[PDB]
Structure formats: C-alpha cells, structure tokens
Amino acid sequence: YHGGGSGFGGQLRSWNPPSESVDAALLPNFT
Amino acid sequence: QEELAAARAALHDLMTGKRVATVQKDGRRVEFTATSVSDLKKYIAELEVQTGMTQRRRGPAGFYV
Amino acid sequence: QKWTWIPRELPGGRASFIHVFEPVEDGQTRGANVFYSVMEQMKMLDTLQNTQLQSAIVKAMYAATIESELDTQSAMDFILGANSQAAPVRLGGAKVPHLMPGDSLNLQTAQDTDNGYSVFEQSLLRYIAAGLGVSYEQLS
Amino acid sequence: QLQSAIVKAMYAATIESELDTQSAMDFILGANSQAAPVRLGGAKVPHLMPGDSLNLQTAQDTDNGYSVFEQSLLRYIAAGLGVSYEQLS
Amino acid sequence: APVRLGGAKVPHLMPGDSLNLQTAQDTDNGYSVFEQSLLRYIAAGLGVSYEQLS
Amino acid sequence: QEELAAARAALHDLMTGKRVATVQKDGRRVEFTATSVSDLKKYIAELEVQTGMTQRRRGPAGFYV
Amino acid sequence: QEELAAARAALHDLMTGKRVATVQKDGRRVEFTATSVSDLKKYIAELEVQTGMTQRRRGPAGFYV
Amino acid sequence: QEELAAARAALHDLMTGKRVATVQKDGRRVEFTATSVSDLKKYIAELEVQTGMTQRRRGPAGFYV
Amino acid sequence: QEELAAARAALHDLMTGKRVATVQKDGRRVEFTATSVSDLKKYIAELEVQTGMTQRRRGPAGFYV
Amino acid sequence: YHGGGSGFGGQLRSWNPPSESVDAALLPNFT
C-alpha cells in the first residue's frame, strides 16, 4: 500500500498528518 | 593541473587590464592575438571539470509537497 | 462578563436546554460548520475577483499617450486639443492633430477584459457547490 | 494555480523613467502629492518625455486548459471512490 | 520577503530594472486524448466496457 | 532671443556648405564636432516655441457636414 | 544650479558648432570624447527637474462632455 | 562615499565636454579608454542606493475610487 | 580576497576614466586589451558569491492574503 | 482542520476576523 508510503517519487514525504480525535482537531481553533 | 593556474592568472590579468596586446621597443615589435572572455571562462570551466579537485555542478532538482 | 449555569433537564424530566447537531465521531462535544471544506477557496476567489476588477479598471483608464519635447500645456494644446483660456479636453467632435517630427500620438490597446476568468470561476464555483451541498446552478 | 492567477492579475502596468518615483508617478500616473494613491475616477492621457515610457501588462489566459485536466483527474477519482463523475464533480 | 495580495500595483523601474510575467503552456495539451486511447486499450484487455472503466 | 539668430545662421551655413569641420595652419589645428540636420531643426523649432514671437502651430482640425 | 548653466552653454556650443573635439599645436595635442545630443538633452531635463526653479511638466489630461 | 563625488564629477565632465581621451606631448603619449553614458548613470544610481544618504525610489502605486 | 579589491579598483578606474589603453615614451610602446563593463561586473559579483563575506542575494518572494 | 489554521502556504496568516455579535459588527457603521 502506497497510502502510508513516501509516494511516487517521494513527493508525500512531508505529508504526515497527526492521528487525533475530532475534538483535538476542532476545539483548539473553534472560535 | 598547471594549466588551470595559468588560465586563472590570465583571466585575472585580462579582467584587471594587464594583458598585453602589442609591445614595441625601437625596431623590435611583437603582436599577440586576443581572445574573448567567454571562451576563456569555458576553457577554465572544462579544465576544472577534468581535474575534479572540487565539485561545483550537481544533478537536477526534485520537488515534493 | 458573567457566566450562568443552565442544567440540560429539570428534575422532573422536562427539557430545559436544547442542543441539536450531528456528531461525526465517537467523542464530539460540539459540531463543525460546513464551511471548513471550502473556507480557503472562497476567500482566495474573492481576492482574485477584486484584484481582477481593479486590474481591469486600471488598464481601461489609460486611453492614450502623448510624446513630445515641448511644455506639457503646449503639447496638449497642439495635439490633444485642450484650451488653456492639467487641462480639460471637450469630448465634442472628432479631431485630427498635426504633429512635428518630434511629436507622437499613441492610442493604447489593452488585453481582453475577461480572458478566461469565467472558466476558472466556473471550476471554483463547482468545487464550492460540491463542498456546501447545494447545486451548482443554484449557487452560481 | 489560484495563487499564480492572483499574482499575474495583480500587476496591471509598469512605469519606466529616470526621474524620482514621486515625480514619475505625478507626471505619468496622475497621483497627487498634496507610495502615492491614484484616484480611479475618469480617463487619463499622460505626456511623456523621450526618457519616459508607459507599458500596460498583458497576462496569460487565466484558465489555460486547467479545466480539462481537472476533469480527467476527477473522472479518475470518481472511478476510484465508486461514485458517478457527475455526482462527484 | 512576503508580499500582500491586496490591491493592484504599478511599479516604477529604472533603466536597469525589469519585470517579466511568465507564461505557461496549456495545462492539458492533448493528454486527455492519449489517456482515452490507453483506457480503451485497457478496457479491451480486461473485458469491461470503456465507459464503465473510464 | 539672441540664440535664435545664431541657430538660423548655423542652419543656413550647414545647408549652403560653409560649415567648417577642421581648420589647420602649419602646426595649429582645431577640429569641431558635427551635428545632424534633424537635431538642429528640432532645436530651432523648440526655441521658437519658447520665444513665442510668432504662432506657427495650432490645434487639431474639425469636421462638419 | 551652476551645472545647469554649463549644460545649457555646452548644448548651445554643440548646436552652433563650436564644440572642440581635438586641438593641436606643434607637439602638444589633446583629444576629448564626444557625446550624443539626446543624452545631453536628457541630462539638462533631469537637472532642471531637480532644481525646480520652474515647472514645465504637468499631470495627465481629463475629458468632459 | 568618496566614490560618488568622483562619479558625479566624471559624469559632469563627460556631459560638458572635458573628458580627455588622448594626451600627447612630444614623445610621450597616453590614451585612456572610454565608457558609455548609460553605464556611468547606472554606476551612479547603484552607488547612491548603496550609500542610502537619500531616498529617490519608492514602492508601487495604489488605486482607490 | 585580494582579488576583489583589485577588481573593484579596476571598475572604479574604468568608470572615472583613468584606465589606460596605450602607453608610449619615444621608442617604447605598450598596448593593453580592453574589456566590457558587463563582464567586469559579472566577474566582481561572482567573486563576491565565492567569498561569502556578505549576503546580497536571497530566495524568491512569497505571497499571502 | 485548516479553517482555523495558517493555510496552504501560510496565505491565510493575516485573516483573523474578530469574534463578535451581530450588534457589535453592525451598529458602529449602521448609518
């Protein structure tokens, strides 16, 4: 699976979104 | 190589203005041909590439998100 | 400011405070607006629209250009036709100026006012309508 | 593409002259010094000495084939996800 | 140095200065038709219809 | 203005053929730069516009039916 | 400024034809470089704009019905 | 800076007509190379920018209704 | 580097007009080749980049709303 | 969520609208 991989030529190397709940993503910047 | 130092010195002399085109003294007279700056720069570049004493050129770039 | 405690339900079971939203995941205290999907694109498209409108107004403003070595009042008097009795020019009629060798008259031409902006706007509007859920025709 | 379009559309014109910037904008653009804002009201015809020059910039097509490439990518994505292309795009 | 996108600007250039707006080729210069041909070939190979596959 | 007469005389001398480029007498020798006809004509016309002693230029024409 | 008067005098000398390019007397000899008319005119224009002693340039025109 | 004054004086000498290309006196003879007006103007402009004693350039304009 | 000061001095001499092309004294006579301004400026800039004593160049700009 | 974030390349860094009621936004410039 290339979903978790580096990418085609390594283009998605910096794309490492954090794994977090919906509250952790929403609440800090709700307002 | 000893050609590279001479080429660098010739380039510096040409830039500063100490390259001699014609020298004369009474009857004696000698005239030397002149070359363009770009050809000398290309000569120095290829000569330094051949020597390999440093590395100034690299491969093409790459992109990522 | 002050804060007040309002219980969700009265002791008898009556509903005192009402909160309606659709949860996405297991633990979600409060809901998220629908604009998060397309928030950035709408702002950037608004900026593009304003910039394009200003650019069109600017490019349409400058109609012509005068080149000469004389005084600016004299140059407009002899070429543009203004009256010195900078200097306003009357729009009545059609004029054919006479130019010396040093003088010149240039009528500026401008780029197409809407050069493909409509298609890009269409694409962005389709994206926004997909994000919001309304139809493209209704939105645009 | 959106950022590039905004950047290219932002620069409307260009002034070239050997004078001061304030003098150049006053004499060519029409700003008032009484950098320098210019009122958009009306149409203007500046006068230029030999040194001066006025250039109106021309930009590329705002959407030059981006839409069709987007269509192809959206068809690929809709095929991957299983929803119809019309529904997705 | 960041540049703010708000507004329209008309810079003033000395003789040595210059400003060039780059132009780019068409984003999809016939890639769609070539993809169409390759997708027809693939659909023929697999057995599903071209419309269903593509 | 006393420049206009000098410019007119210079133009007439250049046209007729009495404008001198170099003057030599034994050791002594002087050489003067030369200017084009169009530049002299433009100078003369612009100086006339400055003086304003006469009016040789008018505004654009108009049409009627 | 005292540069503007000198520039105006040099322009008049060049136009009339009294600019000296080369002067010689027996062994002695001196040669001066020459400049174009347009550059001198631009120099005078920018110099008189800097001084501001008069105003010869104005803003763009406007139209009305 | 002490270069800027020298550059300004050289520009004024070139414009007025006092820049010397060749000096000769009996046997002795010296000849100096010549430079363009635009190059000297660019040199003076960049030297003014480096010094920063004054401000002659500003940012792009802006429009409003 | 001691090759930057010499280049800067040569550029200043060329601008002011003190660069010598030919030198002659009775029988003796020497002539030096001449180089363009752009080549000297490029040489100076590239040698500055090699030295790294200062930073005069930066990366491309960025935009935000 | 990038709605409250800096943006794609940081373009929305200066976009910080205040959080206020409708009265606070409308009344100051009503006339």
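The first chain written gets the first letter, and so on, giving A, B, C, D, E, F, G, H, I and J; residue counts start at 1 in each chain.
Everything that follows uses one rule, which is that a residue touches a chain if its C-beta (ideal position, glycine included) is under 8 Å from a C-beta of that chain, and two chains touch if they have at least 3 such contacts.
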Graph separation of chain D and chain G (steps between touching chains): 1
Looking at C-F and C-I, which pair shares more C-beta contacts? C-F
By Cα-centroid distance to the whole-protein Cα centroid, the innermost chain is D
The assertion on chain F/chain G checks that the Cα superposition rotation, as a multiple of 5 degrees, is 30
Geometric centre distance via CA averages, chain H-chain A, whole Å: 58
Centroid from C-alpha atoms only, then distance chain C to chain D, rounded to Å. What do you get? 12
Separation of mean Cα positions, chain E and chain D [Å, integer]: 18
Averaging C-alpha coordinates per chain, one finds the centres of chain E and chain I separated by a number of Å equal to 43
Give me the residue numbers in chain D that touch at least two other chains, ranges are fine. 3, 6-7, 10, 12-13, 18, 21, 25, 29, 40, 42-47, 49-50, 57, 59, 64, 66
By the touch definition above, chain I meets two or more other chains at residues 14, 19-20, 34, 62-65
Which of the residues in chain H come into contact with chain D in the complex? 41, 56-65
In their shared complex, at which residues does chain I touch chain J? 62-65
Using the touch definition from the top, list the residues of chain G that touch chain F in their complex. 12, 14-26, 34, 37
Residue set of chain C touching chain I in the complex reads 43-44, 47
Chain G contact footprint on chain F (complex, rising order): 3, 6-7, 10, 14, 19-20, 27-36, 39-40, 43
